[PDB]
Structures are given as structure tokens and as C-alpha cells.
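In C-alpha cells, one chain follows: the form deposited in one PDB entry.
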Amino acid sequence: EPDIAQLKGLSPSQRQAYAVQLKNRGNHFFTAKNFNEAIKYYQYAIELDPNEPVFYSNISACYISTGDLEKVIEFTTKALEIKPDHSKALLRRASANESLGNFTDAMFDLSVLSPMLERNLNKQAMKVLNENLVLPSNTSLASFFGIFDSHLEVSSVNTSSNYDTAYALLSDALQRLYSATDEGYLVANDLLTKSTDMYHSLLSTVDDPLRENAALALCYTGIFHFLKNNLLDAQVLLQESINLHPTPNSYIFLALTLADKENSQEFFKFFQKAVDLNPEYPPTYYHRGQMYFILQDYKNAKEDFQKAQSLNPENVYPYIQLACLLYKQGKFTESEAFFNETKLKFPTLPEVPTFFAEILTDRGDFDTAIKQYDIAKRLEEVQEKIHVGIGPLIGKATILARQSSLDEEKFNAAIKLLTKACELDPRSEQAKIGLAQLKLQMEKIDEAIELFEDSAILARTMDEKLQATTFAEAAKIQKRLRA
């Protein structure tokens, strides 16, 4: 109803007087949930004092209330051109941008304004992970394959088939696998996949050596899938392997592939089948004992590990688990004594001081732990195979980075250890993320982002992939604020 032509021709206080009047009329309508009348009066007031950010801010509140998100952005942005720190215009613009799924913009305004930031950060992480949607570390693979009798595994290939044209490739794959070298795992993965493809073609005349060979290629290709976190793929081939020639490895591997934190009964059921197929196979007991260990069933873990130990006394791993059990029972001296007796029998093996270092760390005896890590690394260096990989570098770096609370040597020492670790074992998520956090503490945001991003590619689970991406997306926002 205001004659805004006439009002414009009034003195400067009078025009001011009218914008005030007209704004309040708009506020009346806004309160009466009559948003088109509200907007109309605010636009009237704007014609009389374009300089007042509250008119623009009030108009954007109207559009928040009608759902017009583009209009919220325009009007809050008009408010913020005048006064970049207007709190309601920053709050409203962040909200519209979250609604448009412009999460980084939301996060920027909420940051400038100074749980909502959390929420946009989490939505941004999932958005980038979904847009974005590799064998584990050499360290993890040497650890996985450590319990197996390599000569037994390699010799398990049958040479007596009259049709098997894949078995020499399979034997190569197994030989490479058990070499426990960087090249060894990369070549093993390739050759296993190729062997499986040839066995699938061959299977579709056949003899029992080819069928057993096939069950072996499927079994190990199956476990490679598990290791890469392709759980359906792993189950498919391990089931196929079972169909052709049931073996203890196939059951052990399928049990691991199907492990279920809710209900353990199926796992133990597979393990009984594996036991029946060969009661004298040590990896069956060692693996079952690892599960009892995970379940804190320490009595049963011990008996399984003693059993694996008696069947293969030359493998260091049953000894280690047995010493670790004494420590989890609260018998540290007995644990330490078992480690020492184990070191006497395997004085070249970095496995022993590495796992003992972890118990020392857990007790808060950090200086002894580092000494043990220093020993394991030197022992690792002298071996021809991978035993503990970069585990001693990470063990020592985590302690030094922590201890440096700033202790600037300690911090630099940790950096050089983690950089070394990332170089020697590039597929290690743990070494990258660990470095990324230090880079970020040094304010090396660009380097940190790249590290977090690689770590997300390398991570196995969704949850780990999303943790990594979240760190990277947080850092990109910090980089934008500093930009």
C-alpha cells in the first residue's frame, strides 16, 4: 500500500523513518506466517535504505520458510556483501548450502561464523567417498603367511596330470608367494589370478591331479581376495575349491572370510571340518587359537597354540602367542621369561622383540620398547625374507611422536621413521596416515591431504576409507580458510 515514489522524495531522516516502519510491517507478516507479504515490505524498506543488512537478512528468513534455497543464498549473500560478519546471514546461508548439498560452503561459513560443522564434514566425507567408489602391505602379507610351512605349500602342486597346462604357472605363483618379498607378493597375485582363469577354462576332459591343482589355485586366489577385502569374491572361489578337493586351508580361509562378531558357531564348525581332514595340520590350530584369543577365551587359545607348537616346533609364531597369552592373563614376568626363552631358540627372528616391544609399550615401558624395536629393525635388515616389515619403524615412530608431546628432535625422528616406512612399504595405510597426522601438526596441509587421500585408497573397510577421507576433507577446509 505505501506510495514508494512519494516516500523517496522525502528528507533523509524521513526516509529512514519509513524504512523502519516498513520493516516492522514485514516483521508482523513474517510472524503471521504470511511470507509473501513480509518479503514485499522488506523490498519496500530496501528501496529506502539499501545499506541496512537486516532487510536482506529478514528476506532470506522468509525464503528459508518457503523452501526457496537459491533465494536464501542470494539474500544472505546481499547481507554479507554489506557486512561479512552478520551472524544470522552466515548461519542461514550455511543451512541453505547444506540443503543444496554444498557442504564445503556450509563448512566455510560455519567456520567464519566461528555439531553442525561435524555434520557437514561427515556428509562431505561420504559424498567424496561415494564419488571415489590393491593388495595389503607387504608387512601384513608376510605376517599372514608366516604360520604356513612354505616347502609343504609349494610342493603341494601335483605334477602327474595328463591335461593340466596351468600347474607350472601355479607352482611359480606359490614359489613367489612364499619368497616373502615385495616382488614375490605382486607376482603371486598376478599368477594366482591367471592360474584360476586357466583352471576355470580347463574344468569346463579332466583328471584328479588337475582337479586338486585347481582346488589349490582357487584356495590361494580365494585368500588373496579376502586379503584385498573382496569378501564375496573370496567366498565364491573357496567354495569352488571345496567342491573340487576339500583341504584344511580352504576351510580355514573360508572361516576367516565368513567371520562374524555376533555369533561364532559357524567359524568353529568350519574349523572342526578342517581338523577332521587333517588332525596333524598346525595352521588349523594356530588359526582357531587366534580366534579364541580374539574372544579372550585364553584357556582354549593356549591349548590350540600348544597344539600348533607341538606339530611344528620350528615356527616362531605359536611361541609368541603363548607369551602374549601370559601377559593378557596379567603374568608379565612369566610372559617376559617366555619371550626370552623364545629369543634363545630363534635369536635371529625380529618377530620376538617386535611383539615383546608392543607389550612393553602397553605397560608404559617406552624406553625398553624402543630398544626392542631398534633390535627388531636391525634383525629385519639382515634377513633375506620379510618377517616383520616396517612394523618396528611404526612402533618406534608412534612412541617418539607421542613422547614429543614440543620435543623437536623426537618429532623429527618420528617423521624420518614414518617417511622411511612409507618408502619401504608404500601400500601401508598405517604408515601414510601416521605420516599425514605429523604433516598436519607441522602445518604441512598440502602434504597431509595427499597422504590422507592415498590412505583412503589403501584402507580396507568403508569405515577406514571414510575416516581417511574425513581427515582429508577437514584439511581442505582449513586450507580454504587460510587461502
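Residue positions are given as counts along the sequence shown, with the first one as 1. C-alpha atoms forming the largest set that superposes within 1.5 Å between two forms make up the rigid core.
Keep in mind the form deposited in another entry is missing from the figure; the text below concerns it.
The one residue among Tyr292, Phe103, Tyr327, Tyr178 whose Cα position changes by 2 Å or more between the shown form and the other one, with the core held fixed by superposition, is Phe103. Core-superposed comparison between the shown form and the other one: the CA of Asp85 exceeds or equals a 2 Å shift. A movement of the C-alpha atom of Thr419 falling short of 2 angstroms is seen between the shown form and the other one when the two forms are aligned on their rigid core. With the core held fixed, the Cα of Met442 is displaced between the shown form and the other one by less than 2 Å.
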